[PDB]
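One structure is given here, and the rest of the page talks about it.
Residue numbers (mature numbering (1 follows the signal peptide of the UniProt record, and there is no 0)): 1 to 55.
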């Protein structure tokens, strides 16, 4: 897998899209799924997907 895949996609805040939905939403988006993580020190959870077919 020589795919760099370095373009995460934010859909919403983990508030509206918890861990379960977050990833599921990312799956249908054609991404390697997603998760809930904090930003720098904003302690704000967000749903971000990962590249999979980005060539």
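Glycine included, every Cβ here is placed at the ideal spot set by N, Cα and C.
Exposure of residue i, with buried meaning 16 or more beta-carbon neighbours within 10 Å
i: residue 34; result: buried
i: residue 30; result: exposed
Rounded straight-line distance, which links the Cα of residue j to that of residue i
i: residue 47; j: residue 3; result: 22 Å
i: residue 6; j: residue 51; result: 7 Å
i: residue 54; j: residue 23; result: 17 Å
i: residue 45; j: residue 26; result: 15 Å
i: residue 13; j: residue 1; result: 30 Å
i: residue 21; j: residue 41; result: 24 Å
Residues bridged to residue i [DSSP beta-bridge criterion]
i: residue 13; result: 46
i: residue 33; result: According to DSSP, residue 33 bridges with nothing at all.
Distance between beta carbons of residue j and residue i, contact taken as under 8 Å
i: residue 49; j: residue 11; result: 7 Å
Other residues of its chain near residue i: CB distance less than 8 Å, five sequence neighbours each side excluded
i: residue 19; result: 35, 36
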